[PDB]
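# Sequence, then structure. It's an experimental one.
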Amino acid sequence: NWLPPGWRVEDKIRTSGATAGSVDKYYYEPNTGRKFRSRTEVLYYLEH
DNA sequence: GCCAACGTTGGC
DNA sequence: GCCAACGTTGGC
């Protein structure tokens, strides 16, 4: 994508409820493994 | 207070 | 209706 080196993205499928079958993505910072739950939040972190 | 789970919201 | 960013919230 436009992500830097060592950034991992993970799909998690919603298993239950009305939204079941929906996918949420999560972003992992390379050498810290810190977790962000959107693209707006990650590029903000990288921009500041 | 953190956060995983699932809900809500509005531009498309 | 889809998408996905973001609201909420109860169990830890």
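The structure has been received and is ready for your questions. Residues are numbered from 1 along each chain as shown, chains lettered A, B, ... in the order given.

# which residues touch the closest residue to residue A:10 other than its chain neighbours?
The shortest distance from residue A:10 to any non-neighbouring residue, by CB to CB, 6 or more residues apart in numbering, is to residue A:26 (4.9 Å). Placement of C-beta: from N, CA and C, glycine included. If you count contacts by CB atoms under 8 Å, 6 or more residues apart in numbering, residue A:26 has them with A:9-10, A:12, A:35-37.

# Tell me if stretch A:2-12 is near DNA strand C.
No - using CB under 7 Å from any atom of the strand, stretch A:2-12 stays clear of DNA strand C, coming no nearer than 9.8 Å.

# what distance separates that stretch from the middle of the whole chain?
7 Å (CA atoms, centre = their mean, to the nearest Å).

# residues in contact with it?
Outside of stretch A:2-12, the residues within contact range by CB under 8 Å, 6+ apart are A:1, A:23-31, A:42-43, A:46.

# now, which of these lie within helices?
Those of the contacts of stretch A:2-12 mapping onto helices are A:42-43, A:46, per DSSP state H.
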